[PDB]
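Chain naming here is simple, since letters A, B, ... match the order of the sequence lines and numbering starts at 1 in each. Side chains are part of it too, since the values below use all heavy atoms of this structure and drop only hydrogens, waters and symmetry mates.
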Amino acid sequence: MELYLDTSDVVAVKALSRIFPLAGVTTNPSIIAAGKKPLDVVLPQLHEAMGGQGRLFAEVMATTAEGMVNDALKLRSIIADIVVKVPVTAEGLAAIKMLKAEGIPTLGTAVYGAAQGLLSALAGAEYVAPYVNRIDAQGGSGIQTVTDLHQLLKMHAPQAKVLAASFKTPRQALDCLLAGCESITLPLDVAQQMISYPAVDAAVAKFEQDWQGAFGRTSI
Amino acid sequence: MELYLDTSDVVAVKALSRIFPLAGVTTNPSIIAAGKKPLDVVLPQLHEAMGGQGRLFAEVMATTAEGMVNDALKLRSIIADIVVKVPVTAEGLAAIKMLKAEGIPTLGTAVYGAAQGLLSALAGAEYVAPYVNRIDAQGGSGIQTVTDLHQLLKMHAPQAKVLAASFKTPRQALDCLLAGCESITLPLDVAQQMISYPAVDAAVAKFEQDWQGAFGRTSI
Amino acid sequence: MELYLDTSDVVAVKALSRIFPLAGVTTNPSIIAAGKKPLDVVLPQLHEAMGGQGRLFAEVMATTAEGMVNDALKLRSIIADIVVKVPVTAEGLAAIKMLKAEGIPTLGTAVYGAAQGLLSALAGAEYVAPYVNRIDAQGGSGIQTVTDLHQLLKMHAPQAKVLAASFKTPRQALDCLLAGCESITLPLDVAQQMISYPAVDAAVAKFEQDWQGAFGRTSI
Amino acid sequence: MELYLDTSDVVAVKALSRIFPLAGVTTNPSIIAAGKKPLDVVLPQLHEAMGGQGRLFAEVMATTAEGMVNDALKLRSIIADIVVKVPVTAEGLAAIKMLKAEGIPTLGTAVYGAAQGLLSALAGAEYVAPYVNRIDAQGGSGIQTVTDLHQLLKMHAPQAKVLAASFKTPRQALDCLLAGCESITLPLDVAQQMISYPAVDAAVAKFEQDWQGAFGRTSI
Amino acid sequence: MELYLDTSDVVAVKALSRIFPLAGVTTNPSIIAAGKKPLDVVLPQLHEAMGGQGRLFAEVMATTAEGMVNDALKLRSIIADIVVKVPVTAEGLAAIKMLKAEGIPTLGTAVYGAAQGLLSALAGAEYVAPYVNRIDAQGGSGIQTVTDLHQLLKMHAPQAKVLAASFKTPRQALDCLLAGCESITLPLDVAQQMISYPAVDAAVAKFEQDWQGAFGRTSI
Amino acid sequence: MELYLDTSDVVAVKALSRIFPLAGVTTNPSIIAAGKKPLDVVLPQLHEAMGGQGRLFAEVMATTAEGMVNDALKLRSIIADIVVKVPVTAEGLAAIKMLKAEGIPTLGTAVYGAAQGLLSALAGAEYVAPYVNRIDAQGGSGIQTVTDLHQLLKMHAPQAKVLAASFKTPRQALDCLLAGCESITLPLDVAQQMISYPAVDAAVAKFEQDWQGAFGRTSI
Amino acid sequence: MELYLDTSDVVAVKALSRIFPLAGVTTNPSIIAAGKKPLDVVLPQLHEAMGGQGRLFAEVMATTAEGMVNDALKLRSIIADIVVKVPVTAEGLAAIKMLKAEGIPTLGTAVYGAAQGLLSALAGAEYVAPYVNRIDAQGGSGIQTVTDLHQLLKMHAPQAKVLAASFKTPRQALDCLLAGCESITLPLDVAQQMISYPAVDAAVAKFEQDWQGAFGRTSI
Amino acid sequence: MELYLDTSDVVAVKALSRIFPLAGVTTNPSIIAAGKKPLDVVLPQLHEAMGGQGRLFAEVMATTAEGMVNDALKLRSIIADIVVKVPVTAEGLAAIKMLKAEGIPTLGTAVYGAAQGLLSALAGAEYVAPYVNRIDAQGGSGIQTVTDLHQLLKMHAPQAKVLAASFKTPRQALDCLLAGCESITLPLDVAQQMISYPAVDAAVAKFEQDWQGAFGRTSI
Amino acid sequence: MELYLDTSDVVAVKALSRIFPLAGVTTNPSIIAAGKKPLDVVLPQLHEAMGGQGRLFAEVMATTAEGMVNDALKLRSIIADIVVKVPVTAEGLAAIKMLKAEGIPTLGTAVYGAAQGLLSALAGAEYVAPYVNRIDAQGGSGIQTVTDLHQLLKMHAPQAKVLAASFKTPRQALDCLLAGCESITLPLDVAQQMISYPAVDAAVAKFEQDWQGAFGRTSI
C-alpha cells in the first residue's frame, strides 16, 4: 500500500509526514494552481517537506502526444524521479506509449471508467487513477469503477497499480482499500478525519480517568 | 491482454495504431468484403499500417476440412505469421486438428456456445472467438457464454485464449474483459467510444482553466 | 407495457405497425433533424402512419423554463395529446414543475443518472427516459441506472413510468424489460433484430420439411 | 418522498425552490450559526423564501428534557407549524415523549445508530435523521445505518419517516433513497451536483447543434 | 414493538421510565432473587414504578403442569393482568395449554431452539422468549435461532410474538429487532448503552460550540 | 400448522397428546404392521387416544386404482372422516382422481420427488407427503425436495398442503417447518427430542437454585 | 478434459473420430447388448475405429466381488489396458479394492449419489461415473450430484476423476464441464447437437453471401 | 480422508472391512457399554477384525486431568498405538496438554461448539470430534458447527483433523464431507444406507436384463 | 493463533494457564487500574504466573508521541520483551513510527475503524486491536470492522496481526476467529463460558451412566 496526500500545501505535508506513513505526494493542475507557486518551486519544496524521500506526481498540460512527452521531460528535469500524470485521452494514450518507450514512468489520470483506465495500463502506465468522487457525483459508482478497474489490472496488467483519488469522505477511501487498491491519495480534510474519532478520544479519556482513580496521576 | 481492431480500414488502422496499444487487427469475410480490397492486397496493407508488426487474423472460406486447410496455406503465403480463423463446425473441427498437426495456429470462430468453443480449443485452436453481440441480439447472453467459455478454457484448455468479438457497445467489451478474456477485438466505433468521454473532456478543460487563472498560460 | 419505436421514418412506422403491437412513436431533436421534415409535417404523418391512434413524444429546444413551456404549447398545438419531452437539467426541472401545474403531460429525458431521473418524476414527469446505451458507452452501466431508477420510482413516485431508450442491442432492451420498465422505445434496427432469429427460421423450416415428407405439400 | 434543503441561505432557497420540488428547509445549530442571523430572523425569511409554504425544521439547545420542551415552545412561537429537532440523547428521548403528549411534532436528530433512531420514533418522533456522512467519516457505514433504521421503522414504528441528512456526495443521497428513505435533506453543493452533469450537457448541446443545422432555429 | 426492561430494580425502573417508551418490566427467578424482595412486595413496587401502567411478567417455579398452573394463579392474585412465564419443557407445554383454557396469558420462556419456541406458541403462548445470549454463549447463534423462530411464528402462529431476552451487548438487541421481534426486554446495562454514544455527545457539543461562537451563549 | 404423530402406539399417543398440540395421527403400512393390531382395532383406538378429536390418516394396499378405491371405502367404513393415503404411482394417481370425484379426501404419499408430489395435488390430493429422510438416505436432499414441492403447491395447487414425513432428526423437521410446510408428522423419538434439551433443563435448575438461595424455599 | 463417446456403433466412431478430439469410447452392458456384437468382437473393433489409440471402458456382469474380479481379468484379456467399470454396490466396492491391489484400473459406475461415488474413489477407482440424466429423471439434480461429487474428489481423492455420463441434452454436458469434470462421455445424438447450430450455419452463410457480393465467388 | 466405523460389533467390523476402505474403528463409552465386552477384550478383537491394521480410538472416563492421563495409559497398555479420546472440558483440555507432553495422540470429543473444538486442537489434539446429530437434535446446526470448526482448524490449527461423528442419516455425513472433514466415523446403519440404493439396484438389474435379451445369459 | 487473557488477575492467570494454551496476557490502563497494583508489580507477577513464559502487553499513557516513546522505554525496563500498546491517534501513529525505527514492537490499540487500524500497521505495529464490543455497543458492527480490518492487513500489511479484543460473549470471539484473526484476548468470564456447556456435561453424564449400567462402576 502506498499512501499519498493529494495536496500542494508544503507546510501541511511536513506536519503530517511525522504522523502518517507517507509514500509521497500527488498533485494535479487545479491543486498546483490553488497553491499559486509554480511547479519548479512547489515540487522541490514538497520533496524537501518529506525529507528528500518519497515519490511525487505531477500532470502534463499539453494537448498533443508530442507536447505531453515534452511536458514529461520538463517535469523530470524538475524532480528526477517524478511520476508523470497523463490524462487518459486519445492523445494521452499515445503519449503514454511514447513515454513507455523512453523509460519515463507514468500514471494514467482523469479516469472515469474501468476500460479506459485499463487501456492506460496496457499503453505502459504504472499507476491508473480513477476519480472516485467525481464518478459518484455524476451519478455513477466510484467504488464499482475502482473494483472493476482493480479486477482488470489484476487479470490484464498485473504490474500496474490503482492509485485511487478524489475523495469527499473516509468511507470512499475505505472502500477503495477494501477493493485492493495498491495506492491511494487523500486530500487533507479526509486524511485528518481518518485519524480523529470521538469514540477513540472517549476511550483514551476513560483510561486516563480510571488510571487517575487508582494511582492519583494520569502518567505512567 | 491482446487488443485488436476488427476492421479492414487501412487508413484508420494507421491512425489508431499510434493511440491504442494494439496487438494487431482481426478480419472476417464480411469485414474484408466491406473493404472491397482483396486479401492479398488488404492484408499486406494492414500489416504495413501497423509498422510491419503485430498479428493478423483472416478466415477460411471452404466448406470441407481439406479445403479449409488449403485456404489456410494460401493465407499463410500472404502473411507468414497469420492466424487462421476457422468456423467451429464439424468440418471446422477436423480442419483445426489437421492445422494443429501442421503447426499453423488457428482461431475457432463463429462460436455461439461455450461447449462449442471448448471443442475448438481441445481440437487445437489457440484462440476461440465467441460472437458476443450476435448472441445478445439473438435472445441469449453473450456475456454468460463468454464467462462460461472462459471457465471451460481455464479448467480444460488453459493455454487457449478467448478473443471476444462482435460488439455494439463498450459495456459488452468491458464485461468480456471483466470475465477474464485474454484477448479482444473491437470495431472502430466502439474503440473510439471507449476513449472519448464528455466527463473526461470536462475534467481536462477545468484543469486548463484553473491553470490559466493561476499562471496566465495553458502550457506547463 | 407501452412499446414505442424511436424514429421519424413514417414509411417504416406504417409497415411495422401491422407487425408490432405499438403504443406510438418517440422522437428527439436529432432524430427529427436527420429526417429533415419540420415537426408540423412529421408529427401528423407519424400519427397517421399508426391509423390515427397511439401516443407521440417530442422534445422542447429552448434553454429557459419559460422557453420550454412555450415550446410545449407549440408542440401541443400540432398534436393535441402529445407528451412533451424535457431535458432533466435545472431549467428543465423548472419547466416540468410549471407544465405539471398547467396539466401538460411530460417526460423527463436525457437522463444519465437515477437520482436525476427521480427528480424529474417528483417535479411531475409522467415518464422518465434514461439513455441506456449512452450510459453504457460512457463507462457506466445503463442497466444498473435503469434498475436503480425503477426502484426509485416504485418507492417514491409510483405513478411515474420509466421509458427506457437508447439501444444498440436487443440484450439492453431485454434487461430493461426484466427490470420492470413500463415503457420502452426501440430504434428500428434493434426492433427488427428482436423478431428475426436463425434458430426460429430453422425450426419453421424443419416443420415444413417434415410436413412435406408426410403429406406431399407444405400447406394445410 | 419529501425533499429538503439543509441550509440557512435564504437567497439560495428562493432561487432553488423554482427548480427543485421542495418540501421545505431543515436547519440545525451549526447551519443557523454559519448564517449568523438569529432564529427569529432567518426562519420567517426561510418560510417566505418558499412562498410561505412547505415545512421547516429547527433544533433545541437545552440539555434537560424540561429545557428542551421550553425550547420547542420558543420555536413554535416563531413558526407555528415548525417541526422540532431533538437530539436523541437520554434527555432528548424524555423530551420527545413530553412533546408527543403536547401534540408538538418532533424529529429525533444526531442519530449515529439504528436502535437509537428507533427509540426516538417509539417515543413519538415523526422523523428520524441519521447523520450519514458523520457515520461514514467515523469508520462506520452511514448507508448500512440508514438501511437498518429504515427496516426498523417499517417494522416497528411504521408511521415514523427517515429523514436522511449529512451528505458530502450525491452517491450517499442516492443510496439513502434506494434504501427507501421517505425524506432527505441536501446541503446546497450536493443538490447542485445532483442536477448538473457533463454528459447531460453534452447530450443537450448535441441536440441544439443538430436542431439549428436542420432548421436555423433555437426553438420549435 | 413492545419495549421491556429486564430487572427487579424498582428505583431504576422509575428513573428509566421517563426516558424510555417502556411497555413494562419482565422478571425471572434469578432476577427476583438478586433483588432480594419476594414477589408480593416487588411486583406491586415495579407496577407503581411505572405509574400503575404497563405490563409485568413473572415466572412459575413448579415442576409439574398442575403446580405451574397453581403458581400462575398465585401470580395473578398479586398482579391481576400479569403475564405468566412458563419454561418450555414437556410439562410447561401442558401447563400453557391449561392456562390458555383458563384465559391466562403466557410466555414460553427458557427457549434455546426455534422449534421448541414454536411448540410453545402452538400450545397457546402469546409470547415466546428465546434466550439470545445464552444461545450465543453456548456455541450457537442467538440471532439465527431468533430469526428462525420469528419465521416459524409468522408462518405458523402469526398472533404469537417473539420477546427476545438475554443480552450482553446492544448489537444482539439490534439484530433481534432487525429480525422482526415484536417485543424485547433489555437488562439495564444494555439499555443504558443503547442511548449513550461518544459520537452523539461530540455532535451535541459541537452544536453548542458553534452556537456560542455566533450568538455569545449556548441557549436559544 | 398441523402437528401429527407418526405412530400406532396408542398408549404413547394418549400421553403425548396432553403435552403437544396435536392435530392427530398418521399411520402407514409399516407403522400399522409394527404395532400388530389390525386397522379395525387401532384406528378406533387412535381416534379415542387423541381425545376423540382430530385427523387420522391410513394407507391403501391394493395395486390397481379400482382396488385402491375399494381399500379407501373399507378404511372409511372404519373411520368415516379418515384421510386416505395413496402412494403416488401411476395407479395411485388414477385412484386419487376417482376418490376426488367421490368426495373422499386423499393424501399422496411415498413422494420422493417434487413433480411427483405436485401431480398428486393436481389429481386431487389435499395433502402431499414427501419422505424426507428416505430422500436424504438415498443420496438426495430431502429439504430441497420439500422446498421445491412447497413452492410448486403454492404456485400451482394452492389449496393442497405439504405433510412432511420420514424423520430421523429434529433438524430435518425444523428445516421442513422453515420451508413453510403446512403440516408435519413426527415419529415418537424425534418428537421427544424436540422438547427435551439439556441446556433448557440447566436454565430451570439454575432458576430453582438462585430462588432457594435468596428465599429458603423452592415454591413460589 | 478427456472426451469420450458412449457407444458401440463402430462405424459412427470411425466417422466422429476425425471430427472430435476423442480420448476414447465408453461402453456399458445396455450399450453392448444394443449393438449385438459380443465383447471380444466389438471391443477390438472400437479400439481400431478410434485410430488404434486411446482408452476403452467396459463393465463387469458378475454379482459377487470374486466374480467381478474374474470378469475384470476376462475383459483385460480382450484389451490389455482396458479400464474395468464396476457398479458401486457393496460387492463392487469390495471388487474395486481387490482390483486396486492387483493393479487393474477401475471406474466406479452406476453412481446416483456423491458419497457413493466418493467411496468408489477411496476404494481405488481412477474414475467415478455419476449417471447425470438418471438422477435428473428420477426427481433429483444430476448437476448437483456431479458438483458435490467433484468437490468430494477434489478434497478427498484428488487423483480420481469424474467421468460424467448419462445425457439427453447438451445443457447437461455443459453443466458437468462447468462443474469441472475431468472427463465426460457423450451419446452420439448429444455429441452431434454439440457441434450443429442453426445460428452458426446462418453466420457462415452470410459470410459466403458477403464474399460472393464483393468478389464474385465463394472461394478464397 | 480417513473413514471409520463407530461400533463395538466385532463381527460386523470384520464383514464390513472387506467392503469399505476403512481406516479403523472408533468407540466411546456408550458403544462399549452396549456391546457389553470390557475394553481389554473388545479392543484387541476390533484390532484383529481389521487384520491387525488401522487405527483405534477409545475414551477416558476419569473426571480430572490427572485421572484422564492415567486412563490414557491404561488404554495404551491394552492397544499400544490407540488414539485416546478426551472430552473437551476444562479438565479435558488440561489433560490434552499433558498428553501432548507425553507423546500420546488425542482426539477432542464431545464437541458441541466450534470454538471449543478449536481449543482442543490448540491444546494438542490431533482430531476433533463434533457430535453432529446431537447438535441437530438439540436445536442447533451440526453442519454449521462442523463447517465453522473446519474453518477454524484450517486457519488456526492446520495439522489437526475434524473427525465428524454422530449420525442418523447419510445426508449429515455427506454435508460433513462437503465441508471438508478429513475424517468421519459412521454407525453401521448410516454406513449401510450409504452403499444401498434402490435406484442403483434397478440400474444393475436393467443391465442384466438387457444382457439376457441380447445374449441369453447374465454373465460375461 | 495466539490466545491471550485480558486480565491483571494473577491468581486466575496461574490457574487458567494449566487449562488453556495461552500465548500470554494483555493488559490495558483500565484492567491495570482495576487490579490496583502498579505495573512494576503486576507485570512481573503475571509473567511468573505463566511460568516465566509467553508474551505480555501493556499500554502507554502519555499524550505526545515523545511521551509515548518514553512510556515505551519504561515498560520495556519492567519487562524486556513486552509489546507496547499505543492508542491509534495522530500522536500514537507518530509514536508507532518512532518505535518501529527503535525496533520496539507495538500494538495499535483503541481501534474503532478499519482504516484507522490499517494506518497503525502501515506505521509498523505488529498487532492491531479493534475493540469489538465497544463498536457493537456504540451502534456499529464489531465483526464487520474486524472482517474489514483483517482484509486490509491481508492485502496491505500482511505481516501485521489482528489482535481482537473487547468481548461480552463467546459469539463475538467465535466470529473474530472465523474472520481469520491471528490472535485474540479474552476477558475471564468469556473464556470460562467458552469451555463450559450444559450439553457437554450431559453427554459426559450419559457416558458415565451407560458405563455404570454395563460394568457396575464409572471408571476404566
What donor-acceptor contacts under 3.5 angstrom involve side-chain atoms of residues 107-114 of chain H, with partners at least two apart or in another chain?
unit_1	atom_1	unit_2	atom_2	d
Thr109(H)	OG1	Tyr131(H)	OH	3.0
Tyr112(H)	OH	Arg134(H)	NH1	2.9

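Both the backbone and the side chain of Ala90(H) come within contact range of chain I, judged by heavy atoms closer than 4.5 Å. Of the atoms belonging to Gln138(H), it is side-chain heavy atoms, and not backbone ones, that fall under 4.5 Å from chain I. Only the backbone of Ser17(I) comes within contact range of chain H, judged by heavy atoms closer than 4.5 Å. When heavy atoms are compared at a cutoff of 4.5 Å, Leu16(I) does not approach chain H at all. Only the side chain of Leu118(H) comes within contact range of chain I, with heavy atoms under 4.5 Å apart. Of the atoms belonging to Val204(I), it is side-chain heavy atoms, and not backbone ones, that fall under 4.5 Å from chain H. For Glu91(H), the part lying under 4.5 angstrom from a heavy atom of chain I is the side chain only.
For a heavy-atom cut-off of 4.5 Å, chain I lies close to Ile32(H), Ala33(H), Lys36(H), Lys37(H), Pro38(H), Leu39(H) in residues 31-52 of chain H.
Note that NZ of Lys206(I) is 10.5 Å distant from CG of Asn28(H), once rounded to the nearest 0.5 Å. One distance of note links CZ of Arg18(I) with CE of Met98(H); it measures 5.0 Å at 0.5 Å rounding. Annotation: the span from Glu208(I) atom CD to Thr63(H) atom OG1 amounts to 5.0 Å, rounded to 0.5 Å. Within the model, atoms CE of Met61(H) and OG1 of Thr218(I) stand 6.0 Å from one another, a figure rounded to the nearest 0.5 Å.
Considering only heavy-atom pairs separated by less than 4.5 Å from chain I, the leading option among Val60(H), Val88(H), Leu119(H), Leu75(H) is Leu119(H). Chosen from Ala173(I), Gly180(I), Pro170(I), the residue pairing most often with chain H at heavy-atom distances under 4.5 Å is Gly180(I).
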Next item on the list: Determine, step by step, whether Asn70(H) and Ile220(I) satisfy the side-chain contact (heavy atoms from CB on, under 4.5 Å) criterion, reporting the C-alpha distance in whole Å, the side-chain angles of both residues, the deciding distance to 0.1 Å, and the verdict.
Entry: CA-CA 10 Å; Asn70(H) 284 321; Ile220(I) 282 165; over 6 Å; no

Notebook entry, point to check: For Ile19(I) and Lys97(H), what are the C-alpha separation, side-chain angles and deciding distance, and is it a side-chain contact (heavy atoms from CB on, under 4.5 Å)?
Noted result: CA-CA 8 Å; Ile19(I) 296 169; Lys97(H) 307 214 292 167; over 6 Å; no

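The nearest pair of heavy atoms linking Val200(I) to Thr89(H) is CG1-CG2, 4.0 Å. Between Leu177(I) and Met155(H), the shortest heavy-atom contact is O-CE, 3.4 Å.
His156(H) places no side-chain N or O within 3.5 Å of a backbone atom of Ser183(I) that could act as its donor or acceptor partner.
Remark: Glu102(H) CD is packed, more than 12 non-hydrogen atoms of other residues, nucleotides or ligands lying under 6.0 Å away. Annotation for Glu66(H): atom CD does not count as buried by contact number, only 12 or fewer foreign heavy atoms lying within 6.0 Å.
With sequence neighbours excluded, the residues that form a side-chain hydrogen bond (donor to acceptor under 3.5 Å, both in side chains) with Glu2(I) are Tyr4(I), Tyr127(I), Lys161(I). Every residue was checked against the ring pair (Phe, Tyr, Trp, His ring centres under 6.0 Å) condition with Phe20(H), not counting sequence neighbours, and none meets it.
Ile195(I) places none of its side-chain heavy atoms less than 4.5 Å from the side chain of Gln116(H).
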